[PDB]
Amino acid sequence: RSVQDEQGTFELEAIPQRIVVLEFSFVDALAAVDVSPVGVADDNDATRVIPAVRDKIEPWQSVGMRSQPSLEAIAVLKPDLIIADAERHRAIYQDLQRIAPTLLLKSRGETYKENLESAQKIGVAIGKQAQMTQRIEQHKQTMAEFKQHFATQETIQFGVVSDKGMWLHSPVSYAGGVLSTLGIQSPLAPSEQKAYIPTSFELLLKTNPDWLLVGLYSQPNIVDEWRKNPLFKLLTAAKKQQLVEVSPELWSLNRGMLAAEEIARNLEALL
């Protein structure tokens, strides 16, 4: 078995039994083929993984924050496969390799397609190419079926908000790619190149999505401070009251197949 990860070639002979994953998308790929990771970087909060995944798999031991995992906690779990993020864990990758063979894959800031590609590479590295390939095809057809239930040209835009500000998830974000797969139009330019866009109130006005779905990280947030602005009423999502609060765990953090399906289900209930 061999894959190309974000550093080149990853090879494995034995079937890994104890897997430690450092992101939530990887928890999806393992759960899709009934593999329970023994360790997850869950930022010390298992509820950040959506319940549809944790129902498929055994409970895990937390190895700490996704941005800064505990190498000790990982090593104590005695894993034989570590699945890390290409963006978040470039610096600690070589330290992760000291513990066990480490696969460097993308999730944060990468497309819905690239997250599907990483699930395929995970299926190879664990020895379930055929089962993972079949699970991915059943997902692609499920979304193609949801693409028929939707018949609207309204623009939908997701973003996370906090006291710090608002970040619009562009078409090349995971949530943006999920919407494109469902045939939903995006209000942002087709050539937007960053997934999480720092969004000023003026930028929000220039975009003016018909639907603004927002995952709240802090109550209250910068959006409430923008409602103080009387210019806020010019927003289509404000006019039609189509500014809806959604789960940031589902739409931003989890970035998996089973979350894309719940997104298509949740998007259906809105329309």
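Numbers for residues come from their place in the sequence shown, where the first is 1.
Given 181-189 and 82-90, the range whose Cα B-factors average higher in the PDB entry: The recorded data point to 181-189.
Average Cα temperature factor in the PDB entry - higher stretch of 222-230, 50-58: It is 222-230 that shows the higher mean C-alpha B-factor.
Largest Cα B-factor, entry values, listed residues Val40, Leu30, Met65, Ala237: By C-alpha B-factor in the record, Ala237 ranks first.
Top residue by Cα temperature factor, when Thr111, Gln141, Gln129, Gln97 are compared in the entry: Going by the entry's C-alpha B-factors, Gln141 comes out highest.
Among modelled residues of the same chain, the CA temperature factor third for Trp211: Middle third by C-alpha B-factor.
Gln120 CA temperature factor, ranked by third within the chain: Middle third by C-alpha B-factor.
Assigned third (lowest, middle, highest) for the C-alpha B factor of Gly159: Its C-alpha B-factor belongs to the middle third of this chain's values.
Position of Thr102 among the chain's modelled residues by C-alpha B-factor, lowest, middle or highest third: Lowest third.
Third assignment of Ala75 from its chain's C-alpha B-factors: Lowest third.
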